[PDB]
Structures are given as C-alpha cells and as structure tokens.
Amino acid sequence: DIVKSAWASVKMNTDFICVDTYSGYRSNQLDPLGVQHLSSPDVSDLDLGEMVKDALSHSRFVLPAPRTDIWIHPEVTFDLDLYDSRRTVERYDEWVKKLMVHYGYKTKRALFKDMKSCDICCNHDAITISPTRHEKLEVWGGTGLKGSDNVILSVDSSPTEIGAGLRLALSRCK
C-alpha cells in the first residue's frame, strides 16, 4: 500500500515564500536534517521550482523505530528523534523564532496572519501540490473538497512547471 515518497512544505505571506523539507512515511513533518529555501514572493517559477525539487531531494522515507508486529516497507529508514513529540514542538518553535527575527515581526500573530500553506508530496506516480484552508493562525487544513483542488503534476515535470504549479495551488488556498 505505502510506497516511497518525498515531502516538502510551503509557507507564504506578504514578505516571503518559505520552502522546507518534510520527511516521514504516512505523516510528514519538518525535518531538522532537511533544507530550507527562503525567497521574495516574486521568485521565478524556475528557481521556485528548483527550490521545491532541492527540498524534496533531502526528504527522508522514515519511521520512528522498527516494527515487527506488522509489514513495513523494505526501503524505510528510522529516526526516533524526528518523531519525538517534544523535539517536534521545539524545532517548530525554533523554525518560528528564526522567521520572526529574520523579518522583524516581534509577534507571532503578525507572522501567521497572512500566511497560506501548501503541501508537496512526490512519488513514482505523480507530484501532488495540495492547498489548505487557514483555519487558525498556526493551523491549516482541508479546503475542503474531495480533494479536487490539488495541483497534480507529472513526475517528469520541469522545475518551471513545478514552480508554476505551486503558484496555482497558492491561489487556490482558502
């Protein structure tokens, strides 16, 4: 059922576009070993797309620990600290802090106020760019269709096509 995938996450307000590497198996989350690409909201679709691809290349196909009671993918790696709930929240707080300091927000509410979020997943089958509905300041979610508003691209999509698809998803956010 589960196949090897790569993830990334895009956050965008007025001041910037932020692409981070996400890693996982079923769920995917901010990878402290992954890469981050910051840019001005007018980045070319080529560069923006290479930002997405470079971030995806650093994505890990990983589980918390080995499981014996079930079937697990033979390609999957393991990292307990990635999935650890305390480390998860703390590296998020550092992720947040670095952005407020870099852009001089001096407040969390102005950081997230005008921020949209898009999910990126990639496997052998397709590249899926999924828009969200900004539910709470720090919570995004279903747009919510089923889930027809996702930007699905071919795996052979050029970087320009990928960056372009991302902007299409950013305009579909609610």
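Residue positions are given as counts along the sequence shown, with the first one as 1.
Looking at the deposited entry, does 122 to 130 or 35 to 43 carry the larger mean Cα B-factor?
Looking at the recorded C-alpha B-factors, 35 to 43 comes out higher on average.
Mean C-alpha B-factor comparison - 163 to 171 and 4 to 12, higher one
Stretch with the higher mean C-alpha B-factor: 163 to 171.
Name the one of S59, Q29, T68, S148 with the greatest CA B-factor according to the PDB entry.
That would be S148.
From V139, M115, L63, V52, residue of greatest CA B-factor:
Of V139, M115, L63, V52, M115 has the highest C-alpha B-factor.
Compared with the other modelled residues in the chain, in which third is the CA B-factor of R87?
It belongs to the middle third of the chain when residues are ordered by C-alpha B-factor.
How does the C-alpha B factor of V101 compare with the rest of the chain: lowest, middle or highest third?
CA B-factor rank for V101: highest third.
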